[PDB]
Every structure is written in C-alpha cells, then in structure tokens.
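Student: experimental structure and sequence below, a few questions after.
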Amino acid sequence: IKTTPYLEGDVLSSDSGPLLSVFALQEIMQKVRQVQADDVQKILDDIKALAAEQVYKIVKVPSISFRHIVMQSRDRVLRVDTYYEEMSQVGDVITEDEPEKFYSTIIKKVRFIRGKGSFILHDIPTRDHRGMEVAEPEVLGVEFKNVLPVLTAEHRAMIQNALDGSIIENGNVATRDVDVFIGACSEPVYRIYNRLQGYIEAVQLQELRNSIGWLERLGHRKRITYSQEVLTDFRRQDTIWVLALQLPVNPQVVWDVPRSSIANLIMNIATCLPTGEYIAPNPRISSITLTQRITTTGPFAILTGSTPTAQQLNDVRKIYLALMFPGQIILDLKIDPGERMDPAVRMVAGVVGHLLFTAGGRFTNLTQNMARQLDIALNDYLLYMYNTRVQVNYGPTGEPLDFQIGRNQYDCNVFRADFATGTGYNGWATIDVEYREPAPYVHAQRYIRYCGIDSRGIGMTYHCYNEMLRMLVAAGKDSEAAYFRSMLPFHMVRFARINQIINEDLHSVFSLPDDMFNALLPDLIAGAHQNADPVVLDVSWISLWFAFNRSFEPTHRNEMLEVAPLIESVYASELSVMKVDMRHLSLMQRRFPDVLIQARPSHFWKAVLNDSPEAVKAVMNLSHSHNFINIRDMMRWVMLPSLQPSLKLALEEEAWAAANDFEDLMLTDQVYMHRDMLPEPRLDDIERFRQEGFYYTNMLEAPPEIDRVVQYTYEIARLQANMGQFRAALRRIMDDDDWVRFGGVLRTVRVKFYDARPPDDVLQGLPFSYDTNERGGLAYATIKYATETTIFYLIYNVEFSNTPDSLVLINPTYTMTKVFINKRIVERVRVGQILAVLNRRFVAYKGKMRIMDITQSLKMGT
Amino acid sequence: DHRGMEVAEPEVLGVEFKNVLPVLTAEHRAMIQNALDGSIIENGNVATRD
C-alpha cells in the first residue's frame, strides 16, 4: 500500500513523510511554544527508557565499606569507612537565599542513600578448607592489603587464622537452601538491605496470578494486536520471583495531578497512536487526463482537478488527528490579512465541514467561530446561483439560513449551529456514545462510535447525510447531489476505520475520565474551565476538501503498545514517590523549625521534581507551561489519600526513616573558628622523623565550651556587613582568643585526605564570602553566609623527606575554621580488633537459582 | 524572599532615602530595616485573574 500522490513544488511525489506520532509531538510542542512565546525523537525514546528502569542492583560481591592507613607502628592503625566519604562528596553548595537549591540537595542525599542501599547477592564465590566451606577474603565488606607486609610478629598469624575461620553456614529459609555468613557493613545501607530482604522473603504468588489474569483480560480486549504469554515455562522450583511492581494500576492517582490533561494526551500519542497512509476513494484517478476530470463548469468543477501540496497534507493529517481525539482537540481557521483566492474554496469548505465535523450531542470538535464561519459559507453557497434562477423567501432577520427555498417551502434554518443538540453536524438526533461491558480500565467505560455504526455495512446511511441530500435536492443542485450520492461509501468506510481506531487502539490508562468527558462541553459553553483544558489548532481552507477526498489506512502499529502497562505503572509508582517525598519534606520542616529555612509548596514541588526521570520532567514542564497552577492546587493535591504501593515506595519510606537523623546526612552546623599555628614536622633529624611521622586534622574531637564563644546568626551577620564593621569585629573578638560559631543554618561539609601539603585555599579558607559592592549602593558590602568548607586529614608521605620542596610551607602561617562532628569516622585503633566490624548477617542465594522477574522479562515481544 | 515570604525590593517603593544611610546609628538602621522588610506581598484576585 502506497499513499496517493501529492505534488511537491513542481514534480509529483508519493512519499509518506514522517510518522504521524512524530508529527503530533512536533505540532503540540510548537503550539505550546507559541503559547508561551512572548526534540521529538529525544522525548520519544525518553518515554521508551522508562521501561528499562530497574530498582535493585544485582551484584556479585558487596561493596567495600572500610579501609586502613598505617603509620610506622605495630600496635595501632587508622580505620575509615568510605560511606561517609561517598555521601559527603555527592552534595552541593547551600545558600539560604535559595530554598529550592537547599531542598534539591536534600533530595539528592536521600536518593543517593536509597540507591546505594538497594542491592542483593546471587552467586558469591566459595572456597574449601579441610572439608569446610569458607568465604574468600574479597567478598568481605572490609578490604586490607597494605597492613599485611607492614605487620610482623605473630600478629600476622593470628589475623590470618581469624580471617580463615570465616566459615559458611547452611540454613533452611522458606526458599530452602541458602548461604549464611557474617560480614561488615555501614548502618543505613544495611537497614535498606534488611528492608529489601524482608520484602523478598514475603510471598505474593497470588498477586502474580492476579496480574497475569489482568494481562490476559486486556490482551483479549486487544486481541486485534495483543497476543503474548510465556506462562508454561515459568513453573520451576529452582527460582526466585521479585515483585518490585504491582501491575493492576489505579488510574485515579494518575488523573489526580492538577493540569495533567496535556501530559496525558501527549503520552497517549507517545504510546498508542498508529501510523497510516492517505488514500483517495479511487486510486490513480489523479494521473488521468485533466479534460476527463474537469467535466463541466461550476465551483465544484473548478475545485476538482486541483492537487495538494505539503501544506495541505500536513493540515489534512491535523484534521485526522482532531477526528481521532474528539475530547481534547478543537479546530479553527488560519486567517491572515494576506489571503487572496477564489471564493469557491472557502465555499466548498463551508459546504463540506457540515458533514465532516460533529457538534452538539455529548462532544464537540469545533469552536463557535469556526461553526459560524462554516454556516455563513453554506449560506453563501445556497444563495449562489449561476445556472438557474429560483425563488427565495427570506426571514425577519439577517441571520444565515433564515430563509425558505425550493418549489416546496423547505426550511434551511436547522443547519445553523447550536451546541445544545448539534442540528448542523453529525450529532443531530443520532446516538454517538454507549456502554457494552465493564472495561479493564475502570474510568473509560464509554464506546465512541461515529455516525452510529459499529465495526462488527454496505449502503447504510444516517440522519445528517439524508437531510443534507434533502437540502441539496431542494436546492436543485443535482450535479453535486449525484456526486455525494456516489461518494457515500468512501465516507462510511473511512469513518468506520476511524471508529475502530478510537474504540480499539487508544484504550489506555491515560484516556479521559467519563465524567470529565461528559462535562467538557458544559465547561466550553460556560467559558470557565475549572477542571481541564483542551487545545485548539489552526487549519486552512482547502484542507477540508482534501480531507474529504482522502482517507486514513493504518499500516504500522505502535511499538510502545507491548510494554505500555509496564511504563504507565512505573510512571504511577514514580508519581507516588514524589508525593510521599513532598509529604515527608513538610513533616521534617515542622520537625526542625529552628534551623531549617522556611519554604512554600511551590518550592517543595520544584525541589522534588528536580530529581526525577527525564521524560516525566519534560511532560510536566510542557503541561505546566501550557496551563498554570497556584498554591491551592499543591495543598489540595498533597492532601489526597490515594497512593500506589510499590517496592520503590517502600524503599523510599525506609530511606527517609533511616535518614530521620539529618546530622547523619553529612549536614551540620557545628563550624567554629580559632587560630592555631599550623603544625609542621620538625624535619631536622632524619631517623627520628622516619620513625615518628606526623598527621593532623582540623577535627574538633570535643564540642567547645559554653563560655568564651560568641554566635553569629545570619541576620546579625547581614546587619554587621551593612555596618561595615564585620572585619573589625571579627579581628577584635578573635584577638580576644575566643571561639565564634556560624550556627542557624545547615552547611554542607566536604571531606578530603591529603598525603602532601595542599593549596592554601583548603588550608585557610573562610566559611563565608565577602564582596564589597560599588560605593553609593544601598546595602554596602555583602556577605554570602555559606560557601565551600572541607574537613581534611593530612598524613604526609615520610619518604618525601628526601625532597622537602613539596612539604615545607616556606613561611609559618595560621590555620582557619574547625569542624565538630559526632559520628565516628577515622579512628586510631589497635590492630587486634580490626575485625570487630564483622558484625552483620549476610545472606546469599545458591548459584543454580534463577531469579528473573517474568513481568520485566516479558518485554521481548517475540 | 525574606524568611520564606515574598517581599518587594526597596526600590519599587516611591521613597528615596539613600542619602541618609551613613548618618543613622546601629539601632536606628536596625529598626528601619526591620520596618522595611516586613512589607510582604499579598495574593489577590482582580477580574477572575490572579
């Protein structure tokens, strides 16, 4: 099948061009850009990638959570856990001027802790020792290699045998034989691991069967194109199922989001719209000789024989998309002052739009202005007389069609547009919507049928067409009477095909709810849309004629259709996660008022939407750019009860519960200032320095005293900066040799280790920035209260004593801000209890177990 | 945004006082700033518009 030819500039062509879905994406995006104005493949595969989203990371060996540093000794070494390092380095700079940045950084912290927490063990390595199975050293949570050569005496033997004694244990959990042993792991990630294992040991095979049944129900509804079941091979006992998602999604949560009509429409386009070709009623009639086609004289005769170009092709597919989506797409004319053409084209458009479009009844496809223009055009046609002069009997007013025509007085005033019943269009006294059986989606019960016909017809007519022929035979225009009488079947089959496309392919969770579809028209006639918003598109004049003389024939189905329930369920789960994140942000905000910075629901929504899948971000951004919201919508939407439970939701809630101690999130306010002369090695006698070594840090091991300390809140800092005595006050009060505190807000602290002398910035930075704006200003020099601050551990390489050029600080200097923390991080501990972290119960599955999830593995589609 | 509430910049107010900033004391400038920053912006409706 190839589309009928359309002329390209000067040469005919028959190329189908870009896909209809891509065209719809670009048209909607360009329209909303025009709306705001005062990437289609990227967004499409951005939608696609939602399917391959995976929540848990299957791993061979758990990540190393500890490491060691040795300094020229046998008794004690430093131990450090890499969890705090990784959590501290993933942060961002904080200013209280930008609560959106503040809460986006908090959200990044919580998302990092969840993602690092979710993992599981499958195929850990095993070794043998005297008939007892032992775990190899590399699967442990603690890695040490440097301590082995430096250690001596029997300590090496008594750590080697303790390492060897890490025997495996066999136990009978509900999935029969597994492997149990002991390991070392930092706290919050292992709390997440415990939560995940507790979910995994729960059994929901009945829920799996319910999901399977819903899939088969939807499949036999979509029996035209959906046929996929691999059920026969799943039933092996040597397997594990992971149900990270519940498949029977609830459409209420996805339709509760304010002003999401545009996003739902664009996602329906993304995942359901098919691709077709445009065919004439009779193929190849365009290539016959023109003298045959232009038979006689008249407006219709002049119009016939014309050929369309790319502009009219695009407008015709725009018209067809409007037909495919009645409740969201409305049309109007593209009127410009530069128009000039023969009136016949507008005349025919007014004649034919009455049959082509539907209005009144329960749904409308046109604006009042467009219906009025079509009506006045048909008035012009009915008054246009060029063969025969007939009697006319006008009415009291100058309204269009307010007259009586024909040898018998037959009223044409009915076709004047009225949205109450739709007398002039295909909603005139004919049913269009009905109900047959309960749908798999509980909000889309309706069946939408065009011209009252059903797919499950030769020569059948309908009321509007019969009355149009009555009008035309009363007007005595027998040429086009016979023309339309012959052209009936093409119209009927095209509308049957369109009917099939809506009633079969488009059934998804994103379809408009029945009550809102019924209430669309009353909102349109009222003029105030408190509930939902459709979109209007512009279309030219001859596009109507060419739409009537073309059709739509599907050729390639939507690729997204196979995994559409999966992607929409992932979307719902993500949306629920954002909702609960907003909730818990508000709860923590009430929990800590004295140090957190007050924000609004708009700031909270932006912060939560900042960290989100890219396709979801794009569709929300487009929807909100088209239509706006306020604080009332956010406070209303955060109070709605419905939620979509998921493993992602459970992990998010457990991550927040383990992150309740915000001090553990590498966020604090215990930064202080006291000058200390920077310690340096004496570097005089080689042997004693080689034996001793030196390390230093700006860590406060203990909190400072209640006295001999002053505090600086942000408001006092700002007032002192505008005073201009800020530097003088600091210099005086710290010549007084006192501590000074920068409390009031949360500061992000980085951590770094150094084996040499670092640059002066991290040696002696300040907690703030101080910029002196130009003289004559209102506020004078300004203070940025919070900037980059780093806790550092310096441990020199004692070998570098040969080349002191990289270690000597040239001139003695003062050290700067100190940091106080409560959590244990870097510890000089004796070598005996280096293994005292081996305290948490690791569990692993057997190698022969097959742990695939059937719902995600079903995506292959072959 | 001050303390999380929306306040307009001091220039939109039709008062010019830049010439008397350096002559006031600490307390006087403190109370002037405290009085100024409290002028919040309120949301309202005019002809069904926000």
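Tutor: Done, it's in. Numbering: from 1, shown residues only, chains lettered A, B, ... in the order given.
Student: quick one, phi/psi of whichever residue of the stretch 551-700 of chain A sits closest to chain B?
Tutor: Nearest to chain B in the stretch 551-700 of chain A, going by CB to the nearest CB, is residue A:598, at a distance of 3.3 Å. Where you see a C-beta, it was placed from the backbone N, CA and C, and this is true even at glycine. Backbone torsions of residue A:598, given as degrees, to the nearest 10, read phi -80, psi 140.
Student: now for it, how many residues are close by?
Tutor: For residue A:598, the neighbour count with other CB atoms under 10 Å in any protein chain shown is 13.
Student: residues contacting it?
Tutor: Shown in contact with residue A:598 (CB atoms under 8 Å, 6 or more residues apart in numbering or on different chains): A:99, A:589, B:3-5.
Student: ok, residue A:2 next?
Tutor: A:14, A:16, A:277.
Student: for these, give me TSV that also has secondary structure.
Tutor: Conversion of the contacts of residue A:2 to TSV gives the following (DSSP: H, G, I helix; E, B strand; the rest coil):
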residue	secondary structure
A:14	coil
A:16	coil
A:277	strand
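Student: ok, so of the residues you listed, who is nearest chain B?
Tutor: Of all these, chain B sits closest to residue A:16, with 45.6 Å by CB to the nearest CB.
Student: list the contacts of that closest one.
Tutor: A:2-3, A:277.
Student: report how many residues lie close to the closest residue to residue A:152 other than its chain neighbours.
Tutor: Spatial nearest neighbour of residue A:152, excluding adjacent residues (CB to CB, 6 or more residues apart in numbering or on different chains): residue A:74 at 6.6 Å. Residue A:74: 13 surrounding residues under other CB under 10 Å.
Student: same thing with the one 4 residues further on?
Tutor: As a burial measure, residue A:78 scores 16 neighbours (other CB under 10 Å).
Student: if it is in a bridge, with which residues?
Tutor: residue A:69, residue A:828 (DSSP bridges).
Student: my read: it touches residue A:830, true?
Tutor: No: using CB atoms under 8 Å, residue A:78 is not in contact with residue A:830, being 11.4 Å away.
Student: can you name the residues of chain A sitting close to chain B?
Tutor: Where chain A comes near chain B, counting by CB under 8 Å from any CB of the partner chain, the residues are A:97, A:99, A:528, A:597-600, A:630-631, A:719, A:722-723, A:776, A:778.
Student: rerun that using 10 Å as the cut-off
Tutor: A:96-99, A:528, A:597-600, A:603, A:628, A:630-632, A:715-716, A:718-720, A:722-725, A:776-780 (CB under 10 Å from any CB of the partner chain).
Student: out of the residues you listed, which end up buried?
Tutor: A:96, A:98-99, A:597, A:599-600, A:603, A:718-720, A:722, A:780 (16 or more other CB atoms under 10 Å in any protein chain shown).
Student: tabulate those residues (JSON lines), appending secondary structure.
Tutor: Below are those laid out as JSON lines (three-state DSSP):
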{"residue": "A:96", "secondary structure": "coil"}
{"residue": "A:98", "secondary structure": "coil"}
{"residue": "A:99", "secondary structure": "helix"}
{"residue": "A:597", "secondary structure": "coil"}
{"residue": "A:599", "secondary structure": "coil"}
{"residue": "A:600", "secondary structure": "coil"}
{"residue": "A:603", "secondary structure": "helix"}
{"residue": "A:718", "secondary structure": "helix"}
{"residue": "A:719", "secondary structure": "helix"}
{"residue": "A:720", "secondary structure": "helix"}
{"residue": "A:722", "secondary structure": "helix"}
{"residue": "A:780", "secondary structure": "coil"}
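Student: which residue, other than its chain neighbours, is closest to the residue of the stretch 751-862 of chain A found nearest chain B?
Tutor: For the stretch 751-862 of chain A, the residue closest to chain B is residue A:778, as judged by CB to the nearest CB, at 6.0 Å. Closest residue in space to residue A:778, ignoring its immediate chain neighbours: residue B:18 at 6.0 Å, by CB to CB, 6+ apart.
Student: what strand or helix carries the residue nearest the centre of chain A?
Tutor: Nearest to the geometric centre of chain A sits residue A:616, at 1.5 Å (CA atoms, centre = their mean). Taking DSSP states H and E as the criterion, residue A:616 maps to helix A:614-626.
Student: buried stuff in that helix?
Tutor: A:615-616, A:618-620, A:622-624, A:626.
Student: stretch A:274-292 too?
Tutor: Residues of stretch A:274-292 classed as buried by neighbour count (16+ other CB under 10 Å): A:274-279, A:281, A:286.
Student: can you tell me which of these is nearest chain B?
Tutor: Nearest member of these to chain B, counting by CB to the nearest CB, is residue A:274, at 40.5 Å.
Student: the closest one and residue A:19 touch, don't they?
Tutor: Yes: with contact defined as CB atoms under 10 Å, residue A:274 counts as touching residue A:19 (9.4 Å).
Student: next, show the common contact partners of the two.
Tutor: A:556, A:558 (CB atoms under 10 Å, 6 or more residues apart in numbering or on different chains).
Student: got TSV for the buried residues of stretch A:274-292, with secondary structure too?
Tutor: Listed next are those as TSV, based on three-state DSSP:
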residue	secondary structure
A:274	coil
A:275	strand
A:276	strand
A:277	strand
A:278	coil
A:279	coil
A:281	coil
A:286	helix
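Student: could you list every residue that touches residue A:332?
Tutor: Here residue A:332 is in contact with A:366-370, A:373, A:536-539 (criterion: CB under 10 Å, 6+ apart).
Student: one more pass at 7 Å, please.
Tutor: A:367, A:369-370, A:536, A:538 (CB atoms under 7 Å, 6 or more residues apart in numbering or on different chains).
Student: any chance of CSV for those residues, columns neighbour count?
Tutor: Listed next are the contacts of residue A:332 as CSV, based on neighbours: other CB atoms under 10 Å in any protein chain shown:
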residue, neighbour count
A:367, 16
A:369, 11
A:370, 21
A:536, 13
A:538, 13
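Student: could you identify the most distant pair in those residues?
Tutor: A:369 and A:538 (11.6 Å; CB to CB).
Student: phi, psi of the residue of the stretch 151-300 of chain A found nearest chain B?
Tutor: Nearest residue of the stretch 151-300 of chain A to chain B, counting by CB to the nearest CB: residue A:259, 14.0 Å away. Phi and psi for residue A:259, reported as degrees, to the nearest 10, are phi 60, psi 40.
Student: dump the helix holding residue A:616 to PDB, restricted to CA.
Tutor: What follows is helix A:614-626, C-alpha atoms only, in PDB (Å, rounded to 0.1, in the frame of the first residue of the first chain):
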ATOM      1  CA  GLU A 614      13.700  13.000  32.300                       C
ATOM      2  CA  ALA A 615      10.600  12.100  30.300                       C
ATOM      3  CA  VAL A 616       8.300  12.800  33.400                       C
ATOM      4  CA  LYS A 617      10.100  16.100  33.900                       C
ATOM      5  CA  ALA A 618       9.600  17.000  30.200                       C
ATOM      6  CA  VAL A 619       5.900  16.200  30.100                       C
ATOM      7  CA  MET A 620       5.200  18.000  33.400                       C
ATOM      8  CA  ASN A 621       7.200  21.000  32.200                       C
ATOM      9  CA  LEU A 622       5.200  21.100  28.900                       C
ATOM     10  CA  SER A 623       1.900  20.700  30.700                       C
ATOM     11  CA  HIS A 624       2.600  23.400  33.300                       C
ATOM     12  CA  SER A 625       4.000  25.700  30.600                       C
ATOM     13  CA  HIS A 626       0.700  25.300  28.700                       C
END
